[PDB]
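K.L.:
Contents are compact mmCIF, C-alpha atoms and all ligand atoms; file name model.txt:
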```txt
# COMPACT_ATOMS: atom_id res chain seq x y z
CA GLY A 458 -148.35 -125.07 -44.66
CA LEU A 459 -147.21 -123.72 -48.11
CA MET A 460 -149.15 -120.45 -47.20
CA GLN A 461 -146.59 -117.59 -46.81
CA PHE A 462 -147.54 -113.98 -46.01
CA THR A 463 -145.96 -111.62 -48.58
CA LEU A 464 -145.72 -107.83 -48.23
CA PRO A 465 -145.61 -105.22 -51.01
CA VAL A 466 -142.08 -104.56 -52.31
CA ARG A 467 -141.42 -101.30 -50.34
CA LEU A 468 -142.43 -103.10 -47.06
CA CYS A 469 -140.69 -106.41 -47.93
CA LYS A 470 -137.42 -104.33 -48.11
CA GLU A 471 -137.90 -101.70 -45.35
CA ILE A 472 -139.26 -104.22 -42.74
CA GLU A 473 -135.66 -105.65 -42.53
CA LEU A 474 -134.36 -102.22 -41.44
CA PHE A 475 -134.28 -101.19 -37.74
CA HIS A 476 -136.00 -97.79 -38.51
CA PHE A 477 -139.08 -99.30 -40.28
CA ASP A 478 -142.45 -97.65 -39.37
CA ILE A 479 -145.40 -100.16 -39.63
CA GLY A 480 -147.65 -97.51 -41.28
CA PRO A 481 -151.17 -96.20 -40.43
CA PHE A 482 -153.15 -99.19 -41.90
CA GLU A 483 -154.07 -101.13 -38.71
CA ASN A 484 -155.47 -104.07 -40.76
CA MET A 485 -151.96 -104.74 -42.17
CA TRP A 486 -150.36 -105.04 -38.65
CA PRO A 487 -151.40 -108.73 -37.99
CA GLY A 488 -149.94 -109.85 -41.35
CA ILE A 489 -146.72 -107.83 -40.74
CA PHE A 490 -146.33 -109.73 -37.37
CA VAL A 491 -147.07 -113.19 -38.95
CA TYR A 492 -144.56 -112.36 -41.74
CA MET A 493 -141.92 -111.52 -39.06
CA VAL A 494 -142.62 -114.81 -37.12
CA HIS A 495 -142.42 -116.88 -40.37
CA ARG A 496 -139.01 -115.38 -41.41
CA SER A 497 -137.62 -115.20 -37.79
CA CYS A 498 -138.90 -118.53 -36.49
CA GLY A 499 -140.23 -120.63 -39.42
CA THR A 500 -143.61 -121.34 -41.13
CA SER A 501 -144.00 -124.40 -38.75
CA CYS A 502 -143.25 -122.55 -35.42
CA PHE A 503 -147.02 -121.99 -34.88
CA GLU A 504 -150.28 -123.45 -36.24
CA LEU A 505 -151.46 -120.47 -38.42
CA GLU A 506 -155.16 -120.89 -37.27
CA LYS A 507 -154.07 -120.72 -33.55
CA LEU A 508 -151.53 -117.86 -34.21
CA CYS A 509 -154.18 -115.73 -36.05
CA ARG A 510 -156.59 -116.33 -33.13
CA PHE A 511 -153.87 -115.49 -30.49
CA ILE A 512 -153.00 -112.21 -32.42
CA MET A 513 -156.67 -111.05 -32.68
CA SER A 514 -157.26 -111.76 -28.93
CA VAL A 515 -154.01 -109.85 -28.01
CA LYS A 516 -155.21 -106.91 -30.20
CA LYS A 517 -158.64 -106.90 -28.45
CA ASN A 518 -156.92 -106.69 -25.01
CA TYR A 519 -154.96 -103.50 -25.92
CA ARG A 520 -156.91 -100.29 -25.16
CA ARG A 521 -157.45 -97.08 -27.21
CA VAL A 522 -154.83 -95.05 -25.29
CA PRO A 523 -152.63 -92.53 -27.10
CA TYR A 524 -149.32 -94.50 -26.83
CA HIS A 525 -149.54 -97.89 -24.98
CA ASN A 526 -151.77 -99.33 -27.74
CA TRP A 527 -151.78 -102.10 -30.36
CA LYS A 528 -149.51 -100.03 -32.71
CA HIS A 529 -146.82 -99.90 -29.93
CA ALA A 530 -147.09 -103.70 -29.39
CA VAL A 531 -146.39 -104.41 -33.09
CA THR A 532 -143.68 -101.68 -33.28
CA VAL A 533 -141.81 -103.25 -30.31
CA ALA A 534 -142.19 -106.73 -31.94
CA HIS A 535 -140.70 -105.39 -35.20
CA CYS A 536 -137.61 -103.96 -33.36
CA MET A 537 -137.14 -107.44 -31.73
CA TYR A 538 -137.49 -109.01 -35.24
CA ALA A 539 -134.75 -106.68 -36.62
CA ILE A 540 -132.42 -107.57 -33.65
CA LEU A 541 -133.02 -111.35 -34.09
CA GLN A 542 -132.54 -111.20 -37.88
CA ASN A 543 -129.17 -109.32 -37.52
CA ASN A 544 -127.98 -111.92 -34.86
CA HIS A 545 -129.15 -115.21 -36.54
CA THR A 546 -126.95 -117.68 -34.60
CA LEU A 547 -126.94 -116.09 -31.09
CA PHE A 548 -130.52 -117.24 -30.14
CA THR A 549 -132.20 -120.63 -29.65
CA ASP A 550 -135.44 -121.73 -31.42
CA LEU A 551 -137.43 -121.27 -28.11
CA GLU A 552 -136.00 -117.72 -27.60
CA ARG A 553 -136.92 -116.55 -31.16
CA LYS A 554 -140.51 -117.93 -30.56
CA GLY A 555 -140.86 -116.47 -27.01
CA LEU A 556 -139.39 -112.96 -27.59
CA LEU A 557 -141.62 -111.91 -30.58
CA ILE A 558 -144.67 -113.05 -28.57
CA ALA A 559 -143.24 -111.37 -25.43
CA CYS A 560 -142.94 -108.05 -27.35
CA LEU A 561 -146.48 -108.36 -28.84
CA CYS A 562 -147.87 -109.01 -25.31
CA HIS A 563 -145.55 -106.77 -23.26
CA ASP A 564 -148.10 -103.95 -22.54
CA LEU A 565 -151.41 -105.95 -22.69
CA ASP A 566 -154.34 -104.08 -21.07
CA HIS A 567 -152.25 -100.93 -20.37
CA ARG A 568 -154.49 -98.12 -19.06
CA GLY A 569 -152.10 -95.24 -20.00
CA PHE A 570 -150.90 -94.87 -16.35
CA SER A 571 -147.50 -95.53 -14.72
CA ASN A 572 -146.81 -97.86 -11.74
CA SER A 573 -146.47 -94.66 -9.55
CA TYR A 574 -150.01 -93.43 -10.44
CA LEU A 575 -151.51 -96.93 -9.66
CA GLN A 576 -149.81 -96.79 -6.16
CA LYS A 577 -150.90 -93.18 -5.43
CA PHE A 578 -154.46 -93.94 -6.67
CA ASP A 579 -154.40 -97.14 -4.51
CA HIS A 580 -155.52 -99.19 -7.55
CA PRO A 581 -156.29 -102.90 -6.83
CA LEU A 582 -153.39 -104.00 -9.16
CA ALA A 583 -150.95 -102.16 -6.74
CA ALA A 584 -152.16 -104.42 -3.82
CA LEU A 585 -151.92 -107.60 -5.99
CA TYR A 586 -148.38 -106.64 -7.32
CA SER A 587 -146.22 -104.38 -5.07
CA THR A 588 -143.44 -103.97 -7.71
CA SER A 589 -143.46 -103.87 -11.50
CA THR A 590 -147.29 -103.55 -11.07
CA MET A 591 -148.41 -103.17 -14.74
CA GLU A 592 -145.68 -105.59 -16.01
CA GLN A 593 -146.93 -108.40 -13.69
CA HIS A 594 -150.44 -107.62 -15.10
CA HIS A 595 -149.17 -107.76 -18.74
CA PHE A 596 -147.72 -111.25 -18.09
CA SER A 597 -150.94 -112.38 -16.22
CA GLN A 598 -153.02 -111.25 -19.30
CA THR A 599 -150.62 -113.06 -21.66
CA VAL A 600 -151.11 -116.41 -19.76
CA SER A 601 -154.96 -115.87 -19.68
CA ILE A 602 -155.02 -115.42 -23.51
CA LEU A 603 -152.70 -118.49 -23.98
CA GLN A 604 -155.32 -120.61 -22.01
CA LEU A 605 -158.42 -119.53 -24.08
CA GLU A 606 -159.72 -122.58 -26.13
CA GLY A 607 -157.85 -122.69 -29.54
CA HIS A 608 -155.26 -119.95 -28.52
CA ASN A 609 -152.40 -122.15 -27.17
CA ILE A 610 -149.75 -121.48 -29.87
CA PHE A 611 -147.18 -123.41 -27.72
CA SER A 612 -149.39 -126.63 -27.74
CA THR A 613 -146.77 -128.65 -29.79
CA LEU A 614 -143.78 -127.89 -27.41
CA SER A 615 -142.82 -130.59 -24.80
CA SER A 616 -143.84 -129.83 -21.14
CA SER A 617 -140.21 -128.60 -20.36
CA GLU A 618 -139.94 -126.41 -23.51
CA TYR A 619 -143.42 -124.95 -22.68
CA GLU A 620 -142.20 -124.06 -19.13
CA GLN A 621 -138.93 -122.64 -20.59
CA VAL A 622 -140.78 -120.38 -23.09
CA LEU A 623 -143.23 -118.97 -20.44
CA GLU A 624 -140.19 -118.29 -18.24
CA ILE A 625 -138.49 -116.41 -21.18
CA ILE A 626 -141.75 -114.37 -21.79
CA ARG A 627 -142.20 -113.66 -18.00
CA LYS A 628 -138.63 -112.31 -17.55
CA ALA A 629 -138.79 -110.43 -20.98
CA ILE A 630 -142.04 -108.69 -19.89
CA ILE A 631 -140.85 -107.88 -16.29
CA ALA A 632 -137.66 -106.40 -17.88
CA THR A 633 -139.81 -103.73 -19.67
CA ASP A 634 -140.26 -102.07 -16.21
CA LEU A 635 -137.91 -99.12 -16.90
CA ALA A 636 -137.20 -98.90 -13.10
CA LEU A 637 -135.26 -102.27 -13.44
CA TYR A 638 -133.32 -101.11 -16.54
CA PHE A 639 -130.72 -98.87 -14.76
CA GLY A 640 -129.28 -101.75 -12.64
CA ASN A 641 -129.56 -104.34 -15.45
CA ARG A 642 -127.46 -102.12 -17.83
CA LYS A 643 -124.80 -101.33 -15.10
CA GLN A 644 -124.40 -105.03 -14.30
CA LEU A 645 -124.07 -105.73 -18.08
CA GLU A 646 -121.60 -102.75 -18.40
CA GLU A 647 -119.32 -104.12 -15.56
CA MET A 648 -119.56 -107.70 -17.01
CA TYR A 649 -118.70 -106.63 -20.58
CA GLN A 650 -115.66 -104.51 -19.40
CA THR A 651 -114.19 -106.97 -16.79
CA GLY A 652 -114.72 -109.58 -19.60
CA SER A 653 -116.83 -111.94 -17.39
CA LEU A 654 -119.88 -111.70 -19.82
CA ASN A 655 -120.77 -115.33 -20.80
CA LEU A 656 -123.75 -116.02 -23.18
CA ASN A 657 -123.74 -119.77 -22.10
CA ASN A 658 -124.59 -118.56 -18.52
CA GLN A 659 -128.44 -118.38 -18.21
CA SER A 660 -128.46 -115.38 -15.72
CA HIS A 661 -126.21 -113.46 -18.21
CA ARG A 662 -128.50 -114.37 -21.17
CA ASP A 663 -131.47 -113.26 -19.03
CA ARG A 664 -129.75 -109.85 -18.50
CA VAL A 665 -128.98 -109.50 -22.27
CA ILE A 666 -132.62 -110.37 -23.15
CA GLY A 667 -133.74 -107.75 -20.56
CA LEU A 668 -131.65 -105.06 -22.30
CA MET A 669 -132.94 -106.18 -25.78
CA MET A 670 -136.49 -105.69 -24.32
CA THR A 671 -135.68 -102.16 -23.08
CA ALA A 672 -134.10 -101.43 -26.54
CA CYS A 673 -137.24 -102.62 -28.44
CA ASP A 674 -139.53 -100.86 -25.93
CA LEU A 675 -137.73 -97.48 -26.41
CA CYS A 676 -137.37 -97.92 -30.23
CA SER A 677 -139.47 -94.75 -30.94
CA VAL A 678 -136.14 -92.86 -30.32
CA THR A 679 -134.45 -94.95 -33.13
CA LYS A 680 -136.88 -93.97 -35.95
CA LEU A 681 -136.38 -91.22 -38.55
CA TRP A 682 -136.86 -87.75 -36.99
CA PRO A 683 -140.46 -87.20 -38.31
CA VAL A 684 -141.65 -90.55 -36.72
CA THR A 685 -139.75 -89.84 -33.45
CA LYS A 686 -141.22 -86.30 -33.18
CA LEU A 687 -144.87 -87.42 -33.88
CA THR A 688 -144.58 -90.40 -31.46
CA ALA A 689 -143.39 -87.89 -28.76
CA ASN A 690 -146.87 -86.18 -29.05
CA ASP A 691 -148.59 -89.53 -28.22
CA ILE A 692 -146.15 -90.23 -25.31
CA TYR A 693 -146.86 -86.78 -23.77
CA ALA A 694 -150.66 -87.10 -24.46
CA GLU A 695 -150.63 -90.06 -21.99
CA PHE A 696 -148.19 -88.47 -19.49
CA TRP A 697 -150.10 -85.15 -19.33
CA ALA A 698 -153.44 -87.06 -18.80
CA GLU A 699 -151.65 -88.87 -15.91
CA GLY A 700 -150.44 -85.47 -14.62
CA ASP A 701 -154.04 -84.14 -14.77
CA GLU A 702 -155.10 -87.23 -12.69
CA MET A 703 -152.24 -86.55 -10.19
CA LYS A 704 -153.64 -82.96 -9.70
CA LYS A 705 -157.12 -84.55 -9.10
CA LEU A 706 -155.56 -86.57 -6.20
CA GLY A 707 -153.95 -83.30 -4.79
CA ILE A 708 -150.37 -84.26 -5.93
CA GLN A 709 -148.19 -81.95 -8.13
CA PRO A 710 -147.04 -84.23 -10.99
CA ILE A 711 -143.33 -84.32 -11.99
CA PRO A 712 -142.75 -81.76 -14.82
CA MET A 713 -142.68 -84.64 -17.46
CA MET A 714 -146.44 -85.17 -16.71
CA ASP A 715 -147.43 -81.48 -16.22
CA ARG A 716 -148.99 -80.09 -19.45
CA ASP A 717 -148.26 -76.55 -18.05
CA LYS A 718 -144.48 -77.35 -18.47
CA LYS A 719 -144.72 -78.27 -22.26
CA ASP A 720 -141.96 -75.61 -22.89
CA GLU A 721 -139.42 -77.88 -21.04
CA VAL A 722 -139.99 -80.90 -23.42
CA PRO A 723 -136.82 -80.29 -25.51
CA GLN A 724 -134.55 -80.26 -22.38
CA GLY A 725 -136.54 -83.24 -20.94
CA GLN A 726 -135.76 -85.17 -24.20
CA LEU A 727 -131.99 -84.35 -23.88
CA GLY A 728 -131.92 -85.82 -20.26
CA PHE A 729 -133.81 -88.92 -21.51
CA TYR A 730 -131.42 -89.56 -24.46
CA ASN A 731 -128.31 -88.98 -22.23
CA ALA A 732 -129.62 -90.86 -19.07
CA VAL A 733 -131.67 -93.68 -20.70
CA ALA A 734 -131.68 -94.14 -24.51
CA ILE A 735 -127.94 -93.64 -25.47
CA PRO A 736 -126.59 -95.85 -22.64
CA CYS A 737 -129.17 -98.55 -23.56
CA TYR A 738 -128.18 -98.72 -27.27
CA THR A 739 -124.39 -98.27 -26.41
CA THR A 740 -124.32 -101.32 -24.05
CA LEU A 741 -126.52 -103.27 -26.55
CA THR A 742 -124.06 -102.44 -29.44
CA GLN A 743 -121.04 -103.57 -27.31
CA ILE A 744 -122.83 -106.93 -26.63
CA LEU A 745 -124.49 -107.33 -30.11
CA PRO A 746 -122.43 -105.46 -32.73
CA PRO A 747 -124.97 -105.72 -35.59
CA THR A 748 -127.52 -103.56 -33.54
CA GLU A 749 -125.30 -100.46 -34.12
CA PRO A 750 -127.89 -98.89 -36.49
CA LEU A 751 -130.19 -98.44 -33.39
CA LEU A 752 -127.40 -96.44 -31.56
CA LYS A 753 -126.65 -94.43 -34.73
CA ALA A 754 -130.37 -93.49 -35.22
CA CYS A 755 -130.70 -92.61 -31.48
CA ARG A 756 -127.66 -90.25 -31.76
CA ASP A 757 -129.16 -88.61 -34.91
CA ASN A 758 -132.41 -87.97 -32.90
CA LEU A 759 -130.39 -86.59 -29.94
CA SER A 760 -128.82 -84.11 -32.42
CA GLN A 761 -132.31 -83.12 -33.77
CA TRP A 762 -133.54 -82.35 -30.16
CA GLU A 763 -130.35 -80.29 -29.70
CA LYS A 764 -131.37 -78.30 -32.87
CA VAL A 765 -134.88 -77.77 -31.38
CA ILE A 766 -133.34 -76.17 -28.20
CA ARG A 767 -131.08 -73.90 -30.39
CA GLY A 768 -134.36 -72.64 -32.02
CA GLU A 769 -133.31 -74.09 -35.46
CA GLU A 770 -136.67 -76.08 -35.28
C1 LIG B 801 -137.60 -88.36 -18.73
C2 LIG B 801 -138.23 -87.25 -19.46
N1 LIG B 801 -138.45 -86.00 -18.88
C3 LIG B 801 -139.17 -85.20 -19.81
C4 LIG B 801 -139.68 -83.91 -19.55
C5 LIG B 801 -139.23 -83.25 -18.40
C6 LIG B 801 -139.77 -81.97 -18.17
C7 LIG B 801 -140.75 -81.39 -18.96
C8 LIG B 801 -141.23 -82.08 -20.10
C9 LIG B 801 -140.69 -83.35 -20.38
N2 LIG B 801 -139.38 -85.88 -20.97
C10 LIG B 801 -138.75 -87.14 -20.79
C11 LIG B 801 -138.74 -88.09 -21.90
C12 LIG B 801 -140.18 -88.60 -22.07
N3 LIG B 801 -140.17 -89.96 -22.49
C13 LIG B 801 -140.21 -91.04 -21.60
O1 LIG B 801 -140.27 -91.01 -20.37
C14 LIG B 801 -140.20 -92.27 -22.40
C15 LIG B 801 -140.29 -93.58 -21.93
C16 LIG B 801 -140.28 -94.50 -22.99
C17 LIG B 801 -140.20 -94.09 -24.32
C18 LIG B 801 -140.10 -92.78 -24.77
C19 LIG B 801 -140.13 -91.87 -23.78
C20 LIG B 801 -140.11 -90.39 -23.84
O2 LIG B 801 -140.10 -89.63 -24.81
MG MG B 802 -144.81 -101.29 -20.40
ZN ZN B 803 -144.00 -100.81 -24.05
```
Mind turning the file's structure into structure tokens?
Ligand SMILES: Cc1nc(-c2ccccc2)[nH]c1CCN1C(=O)c2ccccc2C1=O
Ligand SMILES: [Mg+2]
Ligand SMILES: [Zn+2]
P.N.:
Amino acid sequence: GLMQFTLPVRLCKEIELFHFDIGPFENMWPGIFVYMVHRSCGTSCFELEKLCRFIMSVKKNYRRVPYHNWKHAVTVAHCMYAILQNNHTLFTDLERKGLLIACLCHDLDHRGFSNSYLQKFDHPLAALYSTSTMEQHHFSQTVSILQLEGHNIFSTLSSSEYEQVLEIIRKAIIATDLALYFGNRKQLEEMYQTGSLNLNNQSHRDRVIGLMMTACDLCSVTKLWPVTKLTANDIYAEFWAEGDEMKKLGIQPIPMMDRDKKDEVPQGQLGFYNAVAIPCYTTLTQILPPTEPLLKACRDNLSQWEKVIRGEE
């Protein structure tokens, strides 16, 4: 009960910042996450024994893939922590609880392949879940881990609060399907501008949480340039393996997944910042002003990719 996690000074300070990198020491990641839950949620939010056992079972159900791995889970959870800490009063007790866990669980049992490759392969998951295939799996896996003996971290919620939190986690995880992001942001864009956006309206809150999830999920583009550039290598390592597997099915992959088109990465990054990342952090900053450092860092990284194309790096 009186048992806080404490980080070294450099981490205690930098963890509060949006651009924090959780470092290469895997064995510190569980304690970093508990630390973030304790400060975000409270030392009483979760029985520490049950939380520690949930965290180690989540870790075991992430695979050794170049990008969609345990490091990503904790990185996405830290971005959510930074958003919640800069927006203290906008979120309920249940939401602070549910979202950090949602982020930790959001890519459980990822195989390093997109929804499209599952459909073209005719994977069994694509017959069980026709849309948002992997994201319905990540939620399924999250519920399975919650129901292991000694793993139910929500045990001390009422029946209605329990159902509310699983509903928050389900929507938060489905929202990480980037195919749903385009329409969610446009609806939020219209609502913010026409002035109809109402945070007491549950369907509006749902949309805002969806965009927060996209923002945390993409947060590699909000790090300092050296972190962003080295993460890009892991992202392409997965995509190019998927492209290889497309060629094995007799299907030309899109250029993003074709290792032969490595040369086009800098221009592919520009499209991605302009079509996906910048709009995401712009709409999020309009709705949640204190998240502006995410937009600022994303713009700095756009400018670094522009330098790459001009042969200045
Ligand atoms: C859209 C896109 N097209 C190309 C490209 C095109 C042609 C040739 C080579 C590359 N690259 C990209 C961006 C790659 N990318 C994602 O897709 C993504 C998703 C979530 C987080 C970070 C990322 C990220 O970096
Ligand atoms: Mg995902
Ligand atoms: Zn993810």
K.L.:
Ligand LIG 801 (chain B): which residues are within 10 Å, counting only C-alpha atoms and all ligand atoms? Reply as a tab-separated table (two decimals) with C-alpha atoms, in the coordinates of the input.
P.N.:
```
chain	number	residue	atom	x	y	z
A	524	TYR	CA	-149.32	-94.50	-26.83
A	633	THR	CA	-139.81	-103.73	-19.67
A	635	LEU	CA	-137.91	-99.12	-16.90
A	671	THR	CA	-135.68	-102.16	-23.08
A	672	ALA	CA	-134.10	-101.43	-26.54
A	673	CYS	CA	-137.24	-102.62	-28.44
A	674	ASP	CA	-139.53	-100.86	-25.93
A	675	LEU	CA	-137.73	-97.48	-26.41
A	676	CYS	CA	-137.37	-97.92	-30.23
A	677	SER	CA	-139.47	-94.75	-30.94
A	678	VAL	CA	-136.14	-92.86	-30.32
A	685	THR	CA	-139.75	-89.84	-33.45
A	686	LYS	CA	-141.22	-86.30	-33.18
A	688	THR	CA	-144.58	-90.40	-31.46
A	689	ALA	CA	-143.39	-87.89	-28.76
A	690	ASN	CA	-146.87	-86.18	-29.05
A	691	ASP	CA	-148.59	-89.53	-28.22
A	692	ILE	CA	-146.15	-90.23	-25.31
A	693	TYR	CA	-146.86	-86.78	-23.77
A	696	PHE	CA	-148.19	-88.47	-19.49
A	697	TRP	CA	-150.10	-85.15	-19.33
A	711	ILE	CA	-143.33	-84.32	-11.99
A	712	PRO	CA	-142.75	-81.76	-14.82
A	713	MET	CA	-142.68	-84.64	-17.46
A	714	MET	CA	-146.44	-85.17	-16.71
A	715	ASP	CA	-147.43	-81.48	-16.22
A	716	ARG	CA	-148.99	-80.09	-19.45
A	717	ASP	CA	-148.26	-76.55	-18.05
A	718	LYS	CA	-144.48	-77.35	-18.47
A	719	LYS	CA	-144.72	-78.27	-22.26
A	720	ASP	CA	-141.96	-75.61	-22.89
A	721	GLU	CA	-139.42	-77.88	-21.04
A	722	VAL	CA	-139.99	-80.90	-23.42
A	723	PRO	CA	-136.82	-80.29	-25.51
A	724	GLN	CA	-134.55	-80.26	-22.38
A	725	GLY	CA	-136.54	-83.24	-20.94
A	726	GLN	CA	-135.76	-85.17	-24.20
A	727	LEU	CA	-131.99	-84.35	-23.88
A	728	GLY	CA	-131.92	-85.82	-20.26
A	729	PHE	CA	-133.81	-88.92	-21.51
A	730	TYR	CA	-131.42	-89.56	-24.46
A	731	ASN	CA	-128.31	-88.98	-22.23
A	732	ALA	CA	-129.62	-90.86	-19.07
A	733	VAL	CA	-131.67	-93.68	-20.70
A	734	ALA	CA	-131.68	-94.14	-24.51
```
K.L.:
Given the choices A:609, A:599, A:615, A:461, which gets closest to residue 500 in chain A if the distance is worked out from only C-alpha atoms?
P.N.:
A:461
K.L.:
If you count only C-alpha atoms, which residues fall within 10 Å of residue 669 in chain A, apart from same-chain ones fewer than 4 positions away, as a PDB file with C-alpha atoms, in the frame of the given file?
P.N.:
```
ATOM      1  CA  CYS A 536    -137.610-103.960 -33.360  1.00  0.00           C
ATOM      2  CA  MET A 537    -137.140-107.440 -31.730  1.00  0.00           C
ATOM      3  CA  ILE A 540    -132.420-107.570 -33.650  1.00  0.00           C
ATOM      4  CA  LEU A 541    -133.020-111.350 -34.090  1.00  0.00           C
ATOM      5  CA  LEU A 556    -139.390-112.960 -27.590  1.00  0.00           C
ATOM      6  CA  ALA A 629    -138.790-110.430 -20.980  1.00  0.00           C
ATOM      7  CA  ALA A 632    -137.660-106.400 -17.880  1.00  0.00           C
ATOM      8  CA  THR A 633    -139.810-103.730 -19.670  1.00  0.00           C
ATOM      9  CA  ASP A 663    -131.470-113.260 -19.030  1.00  0.00           C
ATOM     10  CA  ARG A 664    -129.750-109.850 -18.500  1.00  0.00           C
ATOM     11  CA  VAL A 665    -128.980-109.500 -22.270  1.00  0.00           C
ATOM     12  CA  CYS A 673    -137.240-102.620 -28.440  1.00  0.00           C
ATOM     13  CA  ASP A 674    -139.530-100.860 -25.930  1.00  0.00           C
ATOM     14  CA  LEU A 675    -137.730 -97.480 -26.410  1.00  0.00           C
ATOM     15  CA  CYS A 737    -129.170 -98.550 -23.560  1.00  0.00           C
ATOM     16  CA  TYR A 738    -128.180 -98.720 -27.270  1.00  0.00           C
ATOM     17  CA  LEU A 741    -126.520-103.270 -26.550  1.00  0.00           C
ATOM     18  CA  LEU A 745    -124.490-107.330 -30.110  1.00  0.00           C
ATOM     19  CA  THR A 748    -127.520-103.560 -33.540  1.00  0.00           C
TER      20      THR A 748
END
```
K.L.:
Which is closer to residue 705 in chain A than all the others in A:607, A:758, A:578, A:647, using only C-alpha atoms?
P.N.:
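Closest residue, counting only C-alpha atoms: A:578.
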K.L.:
Rounded to one decimal, what separation in Å do you get between CA of residue 631 in chain A and CA of residue 704 in chain A?
P.N.:
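So the two atoms, CA of residue 631 in chain A and CA of residue 704 in chain A, lie 28.8 Å apart.
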K.L.:
Could you name the residues that touch residue 559 in chain A at 9 Å or less, counting all atoms listed in the file, but leaving out those on the same chain fewer than 2 positions away, as a list in words?
P.N.:
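In the requested form, the answer reads residues 534, 554, 555, 556, 557, 561, 562, 563, 596, 599, 625, 626, 627, 629, 630 and 670 of chain A.
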K.L.:
In Å to one decimal, how far is CA of residue 642 in chain A from CA of residue 598 in chain A?
P.N.:
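CA of residue 642 in chain A lies 27.2 Å from CA of residue 598 in chain A.
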K.L.:
Record the distance separating CA of residue 507 in chain A and CA of residue 603 in chain A, expressed in Å with one decimal.
P.N.:
9.9 Å
K.L.:
Taking 4 positions as the minimum chain separation for residues in the same chain, which residues sit within 7 Å of range 478-491 of chain A when counting only C-alpha atoms? Answer as JSON, numbers by chain.
P.N.:
{"A": [462, 495, 512, 531, 532]}
K.L.:
Select, from A:510, A:528, A:594, A:476, the residue with the minimum atom-to-atom distance to ligand MG 802 (chain B), counting all atoms listed in the file.
P.N.:
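For ligand MG 802 (chain B), the nearest of the given residues is A:594.
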K.L.:
Which residue gives the smallest distance to residue 498 in chain A among A:470, A:548, A:533, A:515, with only C-alpha atoms counted?
P.N.:
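Using only C-alpha atoms, the shortest distance to residue 498 in chain A belongs to A:548.
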K.L.:
Identify which of the residues A:611, A:619, A:639, A:519 lies closest to ligand MG 802 (chain B), counting only C-alpha atoms and all ligand atoms when measuring atom-to-atom distances.
P.N.:
A:519
K.L.:
Measuring atom to atom with all atoms listed in the file, identify which of A:460, A:558, A:585, A:703 is nearest to residue 622 in chain A.
P.N.:
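Between A:460, A:558, A:585, A:703, the residue approaching residue 622 in chain A most closely is A:558.
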K.L.:
At a cut-off of 8 Å, using all atoms listed in the file, what residues contact residue 572 in chain A? Leave out same-chain residues fewer than 2 positions from it and give the result as an mmCIF file with C-alpha atoms, in the frame of the given file.
P.N.:
```
data_model
loop_
_atom_site.group_PDB
_atom_site.id
_atom_site.type_symbol
_atom_site.label_atom_id
_atom_site.label_comp_id
_atom_site.auth_asym_id
_atom_site.auth_seq_id
_atom_site.Cartn_x
_atom_site.Cartn_y
_atom_site.Cartn_z
ATOM 1 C CA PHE A 570 -150.900 -94.870 -16.350
ATOM 2 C CA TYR A 574 -150.010 -93.430 -10.440
ATOM 3 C CA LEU A 575 -151.510 -96.930 -9.660
ATOM 4 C CA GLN A 576 -149.810 -96.790 -6.160
ATOM 5 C CA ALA A 583 -150.950 -102.160 -6.740
ATOM 6 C CA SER A 589 -143.460 -103.870 -11.500
ATOM 7 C CA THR A 590 -147.290 -103.550 -11.070
ATOM 8 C CA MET A 591 -148.410 -103.170 -14.740
#
```
K.L.:
With N, CA, C and O atoms as the goal, would you fill in the gaps in range 506-512 of chain A and present it as an mmCIF file, keeping the file's coordinate frame?
P.N.:
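Output (result.cif):
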```cif
data_model
loop_
_atom_site.group_PDB
_atom_site.id
_atom_site.type_symbol
_atom_site.label_atom_id
_atom_site.label_comp_id
_atom_site.auth_asym_id
_atom_site.auth_seq_id
_atom_site.Cartn_x
_atom_site.Cartn_y
_atom_site.Cartn_z
ATOM 1 N N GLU A 506 -153.784 -121.079 -37.810
ATOM 2 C CA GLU A 506 -155.160 -120.890 -37.270
ATOM 3 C C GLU A 506 -155.071 -120.368 -35.815
ATOM 4 O O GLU A 506 -155.723 -119.328 -35.465
ATOM 5 N N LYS A 507 -154.303 -121.062 -34.975
ATOM 6 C CA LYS A 507 -154.070 -120.720 -33.550
ATOM 7 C C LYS A 507 -153.291 -119.396 -33.415
ATOM 8 O O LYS A 507 -153.617 -118.658 -32.512
ATOM 9 N N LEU A 508 -152.314 -119.111 -34.275
ATOM 10 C CA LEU A 508 -151.530 -117.860 -34.210
ATOM 11 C C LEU A 508 -152.451 -116.666 -34.513
ATOM 12 O O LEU A 508 -152.462 -115.660 -33.726
ATOM 13 N N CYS A 509 -153.221 -116.772 -35.594
ATOM 14 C CA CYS A 509 -154.180 -115.730 -36.050
ATOM 15 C C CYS A 509 -155.174 -115.447 -34.929
ATOM 16 O O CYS A 509 -155.448 -114.255 -34.650
ATOM 17 N N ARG A 510 -155.631 -116.492 -34.244
ATOM 18 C CA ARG A 510 -156.590 -116.330 -33.130
ATOM 19 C C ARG A 510 -155.872 -115.744 -31.890
ATOM 20 O O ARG A 510 -156.471 -114.934 -31.182
ATOM 21 N N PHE A 511 -154.646 -116.146 -31.581
ATOM 22 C CA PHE A 511 -153.870 -115.490 -30.490
ATOM 23 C C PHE A 511 -153.718 -113.967 -30.778
ATOM 24 O O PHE A 511 -154.064 -113.124 -29.943
ATOM 25 N N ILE A 512 -153.279 -113.613 -31.984
ATOM 26 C CA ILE A 512 -153.000 -112.210 -32.420
ATOM 27 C C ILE A 512 -154.269 -111.344 -32.274
ATOM 28 O O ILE A 512 -154.198 -110.192 -31.745
#
```
